[PDB]
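Some notes on the structure that comes next.
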Amino acid sequence: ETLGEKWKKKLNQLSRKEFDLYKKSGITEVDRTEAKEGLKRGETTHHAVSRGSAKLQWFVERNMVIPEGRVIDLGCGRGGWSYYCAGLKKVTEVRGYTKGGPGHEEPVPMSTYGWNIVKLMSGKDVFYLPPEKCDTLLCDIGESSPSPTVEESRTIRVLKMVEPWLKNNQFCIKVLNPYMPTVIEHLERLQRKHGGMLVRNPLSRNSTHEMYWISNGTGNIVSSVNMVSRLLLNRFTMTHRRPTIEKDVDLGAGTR
Ligand SMILES: C[S@@+](CC[C@H](N)C(=O)[O-])C[C@H]1O[C@@H](n2cnc3c(N)ncnc32)[C@H](O)[C@@H]1O
Ligand SMILES: Nc1csc2nccnc12
Ligand SMILES: Nc1csc2nccnc12
Ligand code: NA
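Sequential numbering of the sequence shown, starting at 7, is according to PDB author numbering.
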């Protein structure tokens, strides 16, 4: 039994009150107050549509993924990763795909900096899309489940779906459940072929063990995964630590 599976069993036993106190304990988060108020008013400039823009920003500012050329954003939801990439000088086109419909986020139209190079398309299930030529492949798909075997299936499905899109390109891919042994086996195979490394984002909630496979890095996947399991298990042992609260991103305005 992995450290991650022990964390999962403990998470599943939490009452709603305990879960609500645990999920943000000691994490980092952006203050969404101003963006939520502006989005409620129908403002289309400056605001990030979701917490996703700051989340991807964290990796990009650390050179973990360096978006460039034609960017594909799989599972774009409202479009946070797409609108953030649209403002980056090396980026020339952003194509976002998302499922939409009941239970799923629809793309939000915005006029943030670089909006003219963005096309967000809903009604697109990526498990039925043929791969396209691109210079950057982003993917933020992985639905949490109380069942780690359901999450293992969903993670493996994402890893097999993204591979044909990977052609010596920059990438940032969510790995919903990176601790299940079958997932580690696929990740090690993928890293041997395409390189990169698995990284824990400090903006991720403690309620998910997600890590992101990024193109610009090296390291031992197993070691990185167990470090997150230990961190997340340690966060059950202490009173809630209020999160580090940072300013949200300003995505500006205008065409590129
Ligand atoms: C974690 S959210 C992405 C948030 C986004 N990165 C942002 O910055 O706003 C993942 C999205 O993937 C979508 N999704 C889930 N399964 C999908 C699939 N089979 N095909 C396409 N989109 C999918 C969900 O509806 C959801 O909006
Ligand atoms: N998704 C959930 C809603 S309540 C709950 N409690 C334990 C595990 N998962 C859940
Ligand atoms: N109470 C909970 C324990 S685990 C979980 N996952 C999602 C929503 N609620 C819960
Ligand atoms: Na929804």
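Ideal placement from N, C-alpha and C gives every residue a C-beta, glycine not left out.
Does the beta-carbon distance from residue i to residue j come in below 8 angstroms?
i           : j      : result
residue 344 : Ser56  : Nothing in the structure corresponds to residue 344, since the chain is present only between 7 and 262.
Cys140      : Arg76  : yes
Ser235      : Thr8   : yes
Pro73       : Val97  : yes
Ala259      : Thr118 : yes
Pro184      : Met217 : yes
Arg262      : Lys29  : no
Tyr103      : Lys130 : yes
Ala54       : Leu257 : yes
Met127      : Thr50  : no
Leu193      : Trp219 : yes
So who's on the other strand from residue i, going by DSSP bridges?
i      : result
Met127 : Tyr103
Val181 : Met217
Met203 : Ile220
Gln176 : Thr142
Got a sec, what are the start and stop residues for the beta strand (DSSP E) residue i sits in?
i      : result
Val231 : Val231 -> not in any beta strand (DSSP E); alpha helix (DSSP H) instead, spanning 227-240.
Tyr218 : 217-220
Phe65  : Here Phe65 belongs to no beta strand (DSSP E); instead the alpha helix (DSSP H) covers 58-67.
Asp37  : 34-37
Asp79  : 75-80
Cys145 : 142-145
Residue i to residue j, Cα distance in whole Å?
i         : j      : result
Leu135    : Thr243 : 44 angstroms
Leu172    : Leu143 : 7 angstroms
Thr214    : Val71  : 22 angstroms
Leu17     : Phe25  : 7 angstroms
residue 2 : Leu239 : In the structure displayed, the chain extends from 7 to 262; residue 2 sits before or after that span and is not available.
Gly83     : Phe65  : 19 angstroms
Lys180    : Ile227 : 14 angstroms
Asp79     : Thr245 : 37 angstroms
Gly58     : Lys105 : 17 angstroms
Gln197    : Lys166 : 13 angstroms
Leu45     : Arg195 : 42 angstroms
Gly32     : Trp13  : 16 angstroms
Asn175    : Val255 : 26 angstroms
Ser151    : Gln19  : 14 angstroms
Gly48     : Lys253 : 21 angstroms
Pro137    : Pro170 : 6 angstroms
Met233    : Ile147 : 23 angstroms
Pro208    : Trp121 : 28 angstroms
Which stretch, first to last residue, makes up the alpha helix (DSSP H) that contains residue i?
i      : result
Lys12  : 9-19
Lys95  : Unbroken run through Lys95: none, as it is neither H nor E.
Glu252 : No alpha helix (DSSP H) holds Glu252; the beta strand (DSSP E) holding it covers 250-253.
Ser150 : Careful: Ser150 lies outside any alpha helix (DSSP H) and carries neither H nor E.
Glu24  : 22-28
Open item on the list: Taking 8 angstroms as the cut-off, does the region 111-123 touch the region 200-210 (at least 3 CB pairs, one atom from each stretch)?
Closed with: no
TODO: Pair every Cβ in the region 188-197 with every Cβ in the region 157-165, then say whether three or more of these pairs are closer than 8 angstroms.
DONE: yes
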